Each structure stands twice: as C-alpha cells, then as structure tokens.
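Report on the following structure.
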Amino acid sequence: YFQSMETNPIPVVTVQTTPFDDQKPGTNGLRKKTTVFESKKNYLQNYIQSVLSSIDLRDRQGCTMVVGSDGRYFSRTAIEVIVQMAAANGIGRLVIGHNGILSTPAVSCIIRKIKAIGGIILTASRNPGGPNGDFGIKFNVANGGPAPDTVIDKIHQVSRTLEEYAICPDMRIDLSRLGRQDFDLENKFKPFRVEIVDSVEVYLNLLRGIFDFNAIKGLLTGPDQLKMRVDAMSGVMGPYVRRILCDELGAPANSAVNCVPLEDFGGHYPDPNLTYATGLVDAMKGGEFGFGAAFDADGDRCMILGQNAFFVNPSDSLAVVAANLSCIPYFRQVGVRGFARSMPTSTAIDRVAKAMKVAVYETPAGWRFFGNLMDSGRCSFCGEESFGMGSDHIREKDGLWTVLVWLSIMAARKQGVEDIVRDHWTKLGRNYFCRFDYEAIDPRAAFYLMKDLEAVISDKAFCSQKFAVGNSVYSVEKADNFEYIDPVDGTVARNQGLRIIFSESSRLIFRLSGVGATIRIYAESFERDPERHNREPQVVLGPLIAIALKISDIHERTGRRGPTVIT
Ligand SMILES: [Ca+2]
Ligand code: NA
Ligand code: NA
Ligand code: NA
Ligand code: NA
Ligand code: NI
C-alpha cells in the first residue's frame with residue numbers, strides 16, 4: 001500500500017482501430033513511405049501498440065525504453081505519439097535523445113547501460129527523408145540489439161489482430177530542453193517520467209574506455225597531423241562527429257562536413273558509398289586528405305577512404321581491422337573470442353581467422369544473428385559487406401567506432417590507409433570482391449529467377465560442371481541455398497542466398513532482398529600473387545560476373561541490361 005498526490009492527471013484514451021496486413025518488420029525494421037505513417041489513419045498507432053504489446057505486461061509495467069531517431073522528417077511527430085502511447089501502456093520511463101537525435105549505436109549503448117527493456121529507433125537508414133521520402137521504425141530488445149525473429153512474429157501477430165490501442169493524446173513533450181519531465185497520469189501511481197538526455201555523452205563515455213583517445217588525438221593534431229574529411233551526410237552523426245572527433249580528439253572544424261542533421265538530409269541520399277557520397281569522393285580525389293569517411297543516416301554504416309580516394313572495400317576493412325585488434329586497448333585486455341561475417345561478405349576475414357587460430361562464423365545478412373554470437377561469447381568482432389562493422393561493445397554496427405579503430409591502427413602502425421591495406425594484401429593475399437544491385441525489379445520475375453536458379457545449382461550434376469569465359473575457367477566445388485541454424489537459440493533461417501563455390505578459390509552469391517524487390521549478385525576471386533594486387537576489380541571479376549548473368553539470365557527476365565549500382 002502507498003499513498004500520493006496528483007495534479008491535473010493526464011487522461012488515458014482507448015481507440016477502436018482496424019488491423020493491417022503488412023505491419024511486419026523486415027530485417028531492418030518496418031519501413032514504408034513516410035506518407036503511410038503520416039496520413040494512413042492509425043497506421044502509426046497500430047504498430048506502436050503492437051510493439052509495446054509484444055512485451056510481457058509485467059515486465060512492461062514500470063520499465064524503461066530508449067527512443068531515438070536519425071532526424072528525418074516526421075521523426076518528432078512519431079516520437080510524440082510514442083511518448084503518448086508508452087505512457088498509456090504503463091511504461092515507467094522513456095529516455096529520449098536531445099531533439100529526438102540518437103544514433104543507432106547510441107541507442108544500443110544506452111539500452112545496455114541503463115538496463116532498459118528495449119528501444120525504438122526511428123530510421124530508414126540509407127533511404128531518403130522528407131514528406132515524400134521513406135520512414136522506418138526499428139525495435140531493439142534488452143541486449144541493445146535488433147529484435148529476434150521471435151519478437152517480430154509476436155509483433156506481427158498482434159498487428160494482424162489489433163482491435164484497439166491506448167494513448168494519452170493530451171500529453172505534450174519538449175525535446176529541446178535537457179532534463180526530466182514528469183507527468184501525472186490517470187490510474188498510474190508513480191509519475192510517468194521522460195528523460196531528455198545528451199545525444200552523445202553516454203555513447204562517448206563508452207568509446208573512451210574502448211580506445212586510446214590520447215593516441216588518436218596525437219594523430220589528428222600536431223605538425224604531422226592527419227588531414228581528414230568526415231561526412232555525416234546531414235544525418236544523425238553530425239553532433240557525434242563534432243563532439244568526439246573535433247572537440248574531444250582535436251580535429252579541426254573543417255574536418256566535419258554536413259554535420260547538421262536535416263529532416264531531408266540536405267536533399268541527398270544518406271548512403272555512404274562511392275555512388276552517393278560524391279562530395280566526399282570529390283574532396284578526397286584532390287589529394288589533400290589522408291583519410292575520408294562517410295556515415296549513413298542513423299550512423300551504423302561507414303565508408304572508409306584513403307589518400308586520393310583509395311576505396312577500402314567493406315570486406316577488406318573487416319579483415320584488416322580483425323588483423324589489427326591488438327592495437328586497441330579494449331581487445332588487448334579482454335581478448336578476441338571469435339569473428340563473424342554475413343555469408344555474402346568476402347572470405348578475407350576467414351584468412352585472418354585462420355592465421356590467428358580464432359573461430360569465424362558465417363551468418364545470414366542482418367545484424368540480428370551477430371547478437372547471439374556476442375551474447376554467448378562466441379564472437380567479439382564482426383561485420384558485413386554492406387559497409388557495416390561492429391564489436392561486442394554494443395549489439396549494433398557502429399560507423400564512428402569503425403573510424404576510431406581505423407585511426408587507432410594508423411596511429412599505432414604509423415601508416416596511411418592504402419599502405420595498411422596493401423601490406424595486408426601482401427601478407428594474406430587479396431580477395432577481389434564486388435556486388436551488383438538490380439533494384440526495383442518485378443517481384444514476380446525475381447521469384448522465378450531465384451526458383452529457377454536454385455533448381456540449376458541444386459541439380460545432382462552441377463558439382464561436376466565447369467565454366468569458361470575467355471581464358472578463365474571456373475569449376476563448381478559446391479553449391480547450395482544457404483541455411484543458418486542459430487547455435488545459441490536454434491533459430492532457423494532458410495533461403496538466405498544462393499551460393500556457388502568454385503574450386504579456383506572463387507564464389508558467386510545471389511540474394512533477393514515499395515513494390516519492387518532487389519536482387520544482389522556478389523562475386524569473389526582470391527589472388528595470392530602479390531604482384532597481381534592492383535588490378536581493377538571489374539576486370540578480375542568480369543568472367544565470374546558473366547557466368548552469374550548467364551546462369552541467372554537476369555537481364556532477359558528483368559529487361560535490364562546492367563546493374564543499378566556497383567560496389
Ligand atoms: Ca567439381
Ligand atoms: Na540501422
Ligand atoms: Na539500408
Ligand atoms: Na530517471
Ligand atoms: Na548486401
Ligand atoms: Ni544504418
């Protein structure tokens with residue numbers, strides 16, 4: 001028994017609604033066109049309710065949730081609705097970033113730091129922002145990582161059947177002022193608490209214990225200072241770059257580019273790659289900078305560029321960092337438990353894992369599966385070919401972490417980006433790698449393309465086949481439709497990519513990702529000869545690409561005669 005006082009209690013409102021059929025989140029949350037969440041009636045409310053209902057009402061009552069966004073248009077409105085419906089659903093406290101700004105890694109860090117039950121991240125990553133752009137809602141769980149396939153099924157089940165939802169429509173929240181905002185609610189004893197927190201502080205504190213900030217600051221300052229351009233692409237990472245790389249680590253202000261978060265990302269796709277980070281590439285090509293980097297909208301993906309815009313392939317970045325973790329105080333003290341990569345990612349890191357005698361895991365695309373490997377201590381470091389890298393310091397990929405680990409390696413090795421990569425190739429060989437994206441193709445054609453290709457590579461005699469393109473020859477070693485049985489919780493992921501492994505240390509992978517679908521073709525060829533480590537990837541891999549387009553017959557089936565994007 002307890003007694004207390006209230007003043008002007010905010011009422012709770014129940015609303016009759018109708019379920020939607022498509023409110024199941026994908027691998028990176030539920031993404032729709034912004035107008036769907038903004039104007040389709042009760043669409044936003046239905047999904048927030050379903051997300052909150054996926055938490056046991058006894059664990060839910062009096063719990064804490066973290067909320068953050070990448071800053072895109074509509075984020076503030078979604079946050080307000082989220083606050084009004086968390087209050088109405090018995091949530092004890094919300095920790096929200098200043099101005100609604102929290103990077104995906106920061107959310108993951110804060111969830112774990114304060115032992116929250118989970119968090120909602122409002123981001124559509126690389127996809128454009130604005131009224132006619134895209135909007136997404138990610139849900140992370142208590143370990144700070146993406147929701148497992150089991151919680152997704154729960155969220156879906158509730159969304160299909162949701163008949164009502166609860167909300168406090170009269171509640172208003174000010175995201176601009178740091179500090180606590182308590183609310184007396186009808187039928188709630190304890191006041192409902194909203195903490196507006198600095199977007200960067202707690203996340204920065206985590207990094208300060210991981211890295212040697214003195215070594216990094218020495219690299220960025222002094223007469224022999226690294227000249228550097230870091231482009232947050234007008235997304236969430238702006239304040240993180242300024243507060244951490246400039247203020248704390250001493251980088252000059254002109255190193256921070258597009259570091260004002262914008263609701264439309266400045267009218268550009270917040271996608272860190274050679275195709276869309278054209279401003280960074282043009283600056284790096286001038287030859288004036290020894291290090292470049294771009295982040296995506298929510299700050300978990302990162303492109304690394306060397307002097308003269310030397311492109312560090314994400315699969316090479318993974319292997320290079322894995323081979324130099326000893327340069328980092330964190331890993332010197334806690335050790336390296338194991339590595340993990342998504343199956344489409346190049347096998348470069350596998351060669352590092354072999355030399356170091358550490359386990360390497362091969363997972364489906366998506367960070368969901370790295371989390372169990374980290375939670376169980378099987379893995380300490382992992383990454384994906386899609387510009388993603390991370391460690392067990394959180395349960396999300398981390399772009400700024402990727403920059404700091406690279407700077408730490410450069411400072412400790414007294415070398416630039418290109419020399420580190422080329423030395424790495426000399427030591428272990430080079431895994432030539434590229435990815436073709438065929439975007440927004442007829443999902444009907446995509447279906448039959450994969451169905452037919454799966455039948456081809458599954459034929460009994462396919463392992464006895466060999467292919468010739470010009471003077472090059474490739475002999476099928478094994479081929480399958482990739483499957484992953486989670487070694488921790490037993491989750492089974494089927495149809496995770498068609499894979500052809502050739503005898504001549506080469507691979508082809510086919511993955512099927514609005515209405516349209518995306519087919520991704522990955523090609524990999526290993527080169528041991530150190531004198532053949534400066535060929536153009538499209539030349540080395542041309543033959544394998546030709547095989548891919550032929551056996552898949554993608555150009556005919558889709559009417560395209562070329563990929564949309566090449567990485
Ligand atoms: Ca064979
Ligand atoms: Na994300
Ligand atoms: Na994305
Ligand atoms: Na508090
Ligand atoms: Na991919
Ligand atoms: Ni992202």
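Atoms considered below: every heavy atom in the structure, side chains included; atoms not considered: hydrogens, waters and symmetry mates. We number each residue from 1, following the sequence as shown. We count ligands from 1, going down the list as the structure has it; atoms in each ligand are counted the same way.
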Item checked: Any N, O or S atom of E396 closer than 3.0 Å to the Na ion (ligand 2) -> no
Note to self: Strictly under 3.0 Å, is the Na ion (ligand 2) approached by any N, O or S atom of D298?
What the structure shows: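 Checking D298: at least one N, O or S atom is under 3.0 Å.
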Notebook entry, point to check: Salt bridge or not for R193 and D182, using N-O below 4.0 Å?
Noted result: yes
Next item on the list: Salt-bridge test for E396 and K138: reply yes if a basic N is under 4.0 Å from a carboxylate O, no otherwise.
Entry: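 Salt bridge: yes.
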Next item on the list: Compute the ring centroids of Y240 and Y203, then answer whether they are less than 6.0 Å apart.
Entry: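 They qualify: ring centres under 6.0 Å apart.
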Next item on the list: Decide yes or no for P537 and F433: does some side-chain heavy atom of the first lie under 4.5 Å from some side-chain heavy atom of the second?
Entry: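 A side-chain contact is absent here, since even the closest heavy-atom pair is not under 4.5 Å.
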Checklist line | Side-chain touch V202/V197, heavy atoms, less than 4.5 angstrom | finding: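 Not in contact.
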Notebook entry, point to check: Looking at the Na ion (ligand 5), is one of the N, O or S atoms of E384 less than 3.0 Å from it?
Noted result: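 No, outside the cut-off.
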Notebook entry, point to check: the Na ion (ligand 5) to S513: any N/O/S contact under 3.0 Å?
Noted result: no
Checklist line | Heteroatom of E385 nearest to the Na ion (ligand 5) (N, O or S, atom name) | finding: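 For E385, the N/O/S atom sitting closest to the Na ion (ligand 5) is OE2.
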Next item on the list: Please find the N/O/S atom of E195 nearest to the Na ion (ligand 4) and write down its name.
Entry: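 Distance check against the Na ion (ligand 4) picks out OE2 in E195.
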Check: In terms of the angle between their ring planes, are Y438 and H555 parallel, tilted or perpendicular, with boundaries placed at 30° and 60°?
Finding: tilted
Margin query: If I consider every N, O or S atom in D300, which one ends up closest to the Na ion (ligand 2)? I only need its name.
Written below: OD2
